[PDB]
């Protein structure tokens, strides 16, 4: 029938900007520049963004708007054979909501811990410390910074877990933290995009205020120029390496967030004739611009540390949670007005992650609401139920061995799941559905057909770009390990279910529906390859 639409155009954009701008923007991108060729990394990064990244991002938004339905239904109406794709994508988003919100919880945890004259992670003399603790980061693994032990031996208590097999006690400060996260998500996603679309105003915009303050604070710091030097100093030697092109391609793909049905779902609330193509480019750019800016926020502080604090740069320049919960707060505590930098820093983290979590959850609620009217009829129940399921299982993430759980999901929730899922999205759209049909759909919406540029990216470049990621990442495969702990064979295989459970939906739904329709093989292919709007 007629679905609701965004209260206003900025509600959509801030929702998409919000979903896309994420912790990866902060902890992975600047590190990738530093790691490969400095400023030169922007060359392979930019090309990968142009040919691979945005075309996928653009695709998902266009489809979501035009078919005016969530992921399950939309792919049902597009290529019924491949309706499984919709299932896969929605399923992947599902698994991720389990481990991802614990990041926001850690953020809230450090925020609550940040009200004080003296930040707890500064020194080495606390009860949780070990004799091997030192004040700042080093390159010897047995000896950890005072900030690393705070996070590890106090906040996480990971030192008390012998592996994933041993989870240990439930930390109720984290259990409480995780709850507050889902409470915030609840009364955000509660009534749908009417309220949700407003909430993103704070959670999308806040990080930029806090990036601004910390960008100034960081640049006014002694040594801050040395940092920018480490961040952006060109070396084009790196550009010649395959590893660099894989890192660029890979960061770009996971940054713009295709494959969760979130872009799809969000756009489905757009007015049919609005210019999505303008939106995809504006949203894309704001996403990468944010990562670029963020790099300065980090490495300015990173330089301050290498200058006044006497640490080797390679020791403090790192990716993932370590940068944000260990390295950066270490610098913050050394500077004047530390408590203020801490509070706004951690709030920025939480508000960086919440928009993302919102969008992912919405990809589910929307996708199911469009398939099962019973769900559509009562939203408040469904999401209360869903988040309750998230909370309960997520307590595994608040145990003492919880990180081991978090890390496991992080790898297998979708690494390869989302890569194939998008690979079928592209192949289905470009070949089975046809590009000329997609293009004709877009011209009807915007007024003009996509250039032959996008059509070549959708039909050829992207899929190649996609398996370029997977192949060069497959050959580099190594069994799951975190920090001298080697995950057991069984836990590894437990992950591959989680990985494969979504992707099988594609051939599984194809198999089921191919055998649920009559006629010959040739004529039941044509039945399942004919789109909903053609009938």
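Numbering follows the first chain given and starts at 1.
Of the two stretches examined, 234 to 242 and 140 to 148, the record assigns the greater average C-alpha temperature factor to 234 to 242.
With 371 to 379 and 98 to 106 compared on mean CA B-factor from the PDB entry, the stretch scoring higher is 371 to 379. Per the deposited coordinates, the residue with the largest Cα temperature factor out of 120, 320, 261, 434 is 434.
As recorded in the PDB entry, 80 shows the highest C-alpha B-factor of the residues 447, 131, 80, 359. Ranked by Cα temperature factor within the chain, residue 410 sits in the middle third according to the deposited record. Per the deposited record, the Cα B-factor of residue 277 falls in the lowest third when ranked against the other modelled residues of its chain. The PDB entry assigns residue 491 a C-alpha temperature factor belonging to the highest third of its chain's modelled residues. When the modelled residues of the chain are ordered by their C-alpha B factor, residue 254 lands in the middle third. Per-chain ranking of the deposited C-alpha B factor places residue 352 in the lowest third.
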